[PDB]
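See structure below.
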């Protein structure tokens, strides 16, 4: 509720929130400081279809198959996760995924963004705290693979940091 409490299964928490109103009537819901089941979302329900803002950090997740079909959700905050690879389910699940943070994940290669080529909407992305960031010309090793990408690590092609307001 008011005082952030840790050590609570996803579903268990999500419930405390729904108490306000249907899970399909919500728009912004931060599911941070929660406990997932062996890295398997056992709460998030497709009902969130409406939801647009989804914050997932320090949740200790490894799988991204459970993720419900969210054709609306455009922003997906993901950090401090154990996502090594297999970012394909996101291409189909979130076909309109524009905002996606991949800083901190267990991505130590470029192939981890192979299935990301399908998504021609990804405007902004972050891959900080990753071995891939070290790879030779990593900045280019990502652009060449993902042409649709406009922003990389905050900065854009012109090497100009992203905006603050009125940002789609």
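Please read every residue number as a count from 1 along the shown chain.
This deposition comes from solution NMR.
From the backbone N, Cα and C atoms, a Cβ is placed for every residue, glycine too.
The candidates are 93, 123; Swiss-Prot tags 93 with the feature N6-acetyllysine. Counting other Cβ atoms within 10 Å of each Cβ, the modified residues 93, 165 show the lowest value at 165. Residue counts for the repeat 'LRR 1' (23-47) under DSSP, split into helix (H, G, I), strand (E, B) and coil, are 2 helix, 6 strand, 17 coil.
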